[PDB]
Each structure stands twice: as structure tokens, then as C-alpha cells.
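Worksheet for the structure shown next.
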Amino acid sequence: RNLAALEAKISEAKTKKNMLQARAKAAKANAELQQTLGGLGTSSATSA
Amino acid sequence: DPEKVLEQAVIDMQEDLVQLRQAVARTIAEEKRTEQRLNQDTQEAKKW
């Protein structure tokens, strides 16, 4: 029974951590994309 | 001069559009993967 419980714990922890990390990476990538969209610097030609 | 400044801004935009296209492709891939995962999980539930 301890082995069954430990296997369940290991599987759930591994899969949940992996998916959480993947989703956090996707979210930060999306935030970076939004920043770049707002961070466009082509307006510097106003100096010329 | 303003000519060079705005010209460089246009060039940088040429890169930025490609970067955003890459981000869109990544998002498409992620959504496809999650769709496949949920779709196969629903079938595993029916098997159980």
C-alpha cells in the first residue's frame, strides 16, 4: 500500500510540475510578445 | 539624420514581424498539443 501511494504521489507530482512549468513558460513568452508589441522602437525616425 | 533613423526603424520592424510570426506559430503548436492531450485523455476515460 505504501508503494501504491508513493507511486501515485510521484506520478502526480512529476506531471503537475511539468505542466505547470510548461504553462508558466508559455505565459512568460506571451507576456514578452505583448511587451515587444508595445516596445516597438521604429518611432525613432521622428528624429530624422 | 531622420532618413537613417526611420530607415533603421523600418528594418527593425522587418525583424519584429518575423518574431511575432514565430510566436504565433509557437502558440498554434501549443494549442494543438493541448487539444491532442485532452482528446486522448477523454478516450482513456472511456476505456477505464
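Please note that chains go A, B, ... in the order of the C-alpha cells, that every chain numbers its residues from 1, and that ligands are numbered from 1 in the order shown.
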Test item: chain B residues at most 10 Å from chain A, counting only C-alpha atoms, as a PyMOL selection string: chain B and resi 1-13+16-17+19-20+23-24+26-27+30
Could you take the residues named above and write them with N, CA, C and O atoms, as a PDB file, in the first residue's frame?
ATOM      1  N   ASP B   1      20.803  61.582 -39.226  1.00  0.00           N
ATOM      2  CA  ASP B   1      19.706  62.232 -39.998  1.00  0.00           C
ATOM      3  C   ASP B   1      18.407  61.441 -39.851  1.00  0.00           C
ATOM      4  O   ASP B   1      18.440  60.234 -39.609  1.00  0.00           O
ATOM      5  N   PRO B   2      17.263  62.115 -39.996  1.00  0.00           N
ATOM      6  CA  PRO B   2      15.983  61.397 -39.873  1.00  0.00           C
ATOM      7  C   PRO B   2      15.830  60.269 -40.878  1.00  0.00           C
ATOM      8  O   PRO B   2      15.195  59.255 -40.566  1.00  0.00           O
ATOM      9  N   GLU B   3      16.395  60.416 -42.080  1.00  0.00           N
ATOM     10  CA  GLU B   3      16.305  59.359 -43.081  1.00  0.00           C
ATOM     11  C   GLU B   3      16.846  58.043 -42.535  1.00  0.00           C
ATOM     12  O   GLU B   3      16.183  57.001 -42.607  1.00  0.00           O
ATOM     13  N   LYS B   4      18.061  58.081 -41.984  1.00  0.00           N
ATOM     14  CA  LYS B   4      18.701  56.865 -41.497  1.00  0.00           C
ATOM     15  C   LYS B   4      17.932  56.270 -40.324  1.00  0.00           C
ATOM     16  O   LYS B   4      17.777  55.047 -40.235  1.00  0.00           O
ATOM     17  N   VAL B   5      17.539  57.162 -39.405  1.00  0.00           N
ATOM     18  CA  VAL B   5      16.839  56.780 -38.151  1.00  0.00           C
ATOM     19  C   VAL B   5      15.574  56.007 -38.497  1.00  0.00           C
ATOM     20  O   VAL B   5      15.425  54.914 -37.964  1.00  0.00           O
ATOM     21  N   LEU B   6      14.678  56.604 -39.283  1.00  0.00           N
ATOM     22  CA  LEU B   6      13.400  55.958 -39.683  1.00  0.00           C
ATOM     23  C   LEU B   6      13.695  54.715 -40.527  1.00  0.00           C
ATOM     24  O   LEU B   6      12.865  53.833 -40.478  1.00  0.00           O
ATOM     25  N   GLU B   7      14.706  54.733 -41.401  1.00  0.00           N
ATOM     26  CA  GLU B   7      15.086  53.563 -42.241  1.00  0.00           C
ATOM     27  C   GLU B   7      15.441  52.385 -41.328  1.00  0.00           C
ATOM     28  O   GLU B   7      14.975  51.306 -41.638  1.00  0.00           O
ATOM     29  N   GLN B   8      16.284  52.574 -40.310  1.00  0.00           N
ATOM     30  CA  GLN B   8      16.638  51.582 -39.301  1.00  0.00           C
ATOM     31  C   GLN B   8      15.404  51.098 -38.551  1.00  0.00           C
ATOM     32  O   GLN B   8      15.292  49.909 -38.229  1.00  0.00           O
ATOM     33  N   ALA B   9      14.472  52.004 -38.250  1.00  0.00           N
ATOM     34  CA  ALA B   9      13.240  51.594 -37.589  1.00  0.00           C
ATOM     35  C   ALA B   9      12.447  50.636 -38.469  1.00  0.00           C
ATOM     36  O   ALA B   9      11.913  49.630 -37.984  1.00  0.00           O
ATOM     37  N   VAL B  10      12.367  50.928 -39.768  1.00  0.00           N
ATOM     38  CA  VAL B  10      11.673  50.031 -40.688  1.00  0.00           C
ATOM     39  C   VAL B  10      12.349  48.665 -40.705  1.00  0.00           C
ATOM     40  O   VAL B  10      11.688  47.619 -40.673  1.00  0.00           O
ATOM     41  N   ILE B  11      13.681  48.655 -40.760  1.00  0.00           N
ATOM     42  CA  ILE B  11      14.416  47.393 -40.777  1.00  0.00           C
ATOM     43  C   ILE B  11      14.129  46.595 -39.510  1.00  0.00           C
ATOM     44  O   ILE B  11      13.893  45.381 -39.562  1.00  0.00           O
ATOM     45  N   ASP B  12      14.150  47.262 -38.355  1.00  0.00           N
ATOM     46  CA  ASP B  12      13.866  46.577 -37.097  1.00  0.00           C
ATOM     47  C   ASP B  12      12.452  46.015 -37.092  1.00  0.00           C
ATOM     48  O   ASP B  12      12.209  44.918 -36.574  1.00  0.00           O
ATOM     49  N   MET B  13      11.501  46.762 -37.652  1.00  0.00           N
ATOM     50  CA  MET B  13      10.142  46.251 -37.788  1.00  0.00           C
ATOM     51  C   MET B  13      10.105  45.003 -38.661  1.00  0.00           C
ATOM     52  O   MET B  13       9.303  44.089 -38.413  1.00  0.00           O
ATOM     53  N   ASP B  16      10.827  42.374 -36.332  1.00  0.00           N
ATOM     54  CA  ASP B  16       9.806  42.217 -35.300  1.00  0.00           C
ATOM     55  C   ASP B  16       8.604  41.444 -35.824  1.00  0.00           C
ATOM     56  O   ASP B  16       8.023  40.620 -35.105  1.00  0.00           O
ATOM     57  N   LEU B  17       8.196  41.712 -37.066  1.00  0.00           N
ATOM     58  CA  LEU B  17       7.069  40.977 -37.630  1.00  0.00           C
ATOM     59  C   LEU B  17       7.382  39.486 -37.716  1.00  0.00           C
ATOM     60  O   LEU B  17       6.524  38.644 -37.422  1.00  0.00           O
ATOM     61  N   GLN B  19       9.471  37.871 -35.760  1.00  0.00           N
ATOM     62  CA  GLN B  19       9.457  37.357 -34.394  1.00  0.00           C
ATOM     63  C   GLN B  19       8.030  37.078 -33.935  1.00  0.00           C
ATOM     64  O   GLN B  19       7.755  36.046 -33.308  1.00  0.00           O
ATOM     65  N   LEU B  20       7.108  37.992 -34.240  1.00  0.00           N
ATOM     66  CA  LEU B  20       5.720  37.795 -33.842  1.00  0.00           C
ATOM     67  C   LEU B  20       5.095  36.623 -34.592  1.00  0.00           C
ATOM     68  O   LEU B  20       4.277  35.883 -34.035  1.00  0.00           O
ATOM     69  N   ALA B  23       6.190  33.631 -32.746  1.00  0.00           N
ATOM     70  CA  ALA B  23       5.415  33.486 -31.516  1.00  0.00           C
ATOM     71  C   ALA B  23       4.036  32.905 -31.810  1.00  0.00           C
ATOM     72  O   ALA B  23       3.536  32.044 -31.074  1.00  0.00           O
ATOM     73  N   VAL B  24       3.403  33.373 -32.887  1.00  0.00           N
ATOM     74  CA  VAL B  24       2.096  32.851 -33.272  1.00  0.00           C
ATOM     75  C   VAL B  24       2.198  31.367 -33.595  1.00  0.00           C
ATOM     76  O   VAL B  24       1.334  30.567 -33.217  1.00  0.00           O
ATOM     77  N   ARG B  26       4.370  29.249 -32.407  1.00  0.00           N
ATOM     78  CA  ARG B  26       4.533  28.543 -31.141  1.00  0.00           C
ATOM     79  C   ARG B  26       3.197  28.378 -30.430  1.00  0.00           C
ATOM     80  O   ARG B  26       2.898  27.306 -29.887  1.00  0.00           O
ATOM     81  N   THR B  27       2.383  29.433 -30.416  1.00  0.00           N
ATOM     82  CA  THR B  27       1.077  29.342 -29.769  1.00  0.00           C
ATOM     83  C   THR B  27       0.193  28.317 -30.470  1.00  0.00           C
ATOM     84  O   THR B  27      -0.525  27.549 -29.814  1.00  0.00           O
ATOM     85  N   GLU B  30       1.289  24.916 -29.375  1.00  0.00           N
ATOM     86  CA  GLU B  30       0.884  24.622 -28.004  1.00  0.00           C
ATOM     87  C   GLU B  30      -0.592  24.252 -27.939  1.00  0.00           C
ATOM     88  O   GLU B  30      -0.977  23.286 -27.261  1.00  0.00           O
TER      89      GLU B  30
END
What is the distance between CA of residue 33 in chain B and CA of residue 15 in chain A, in Å to one decimal?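 Spanning CA of residue 33 in chain B to CA of residue 15 in chain A is a straight-line distance of 15.2 Å.
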In Å, with one decimal, what is the gap from CA of residue 27 in chain A to CA of residue 14 in chain B?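 CA of residue 27 in chain A sits 24.6 Å away from CA of residue 14 in chain B.
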Quick one: pull the distance between CA of residue 32 in chain B and CA of residue 35 in chain A, Å, one decimal.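 Here the two named atoms are 24.5 Å from each other.
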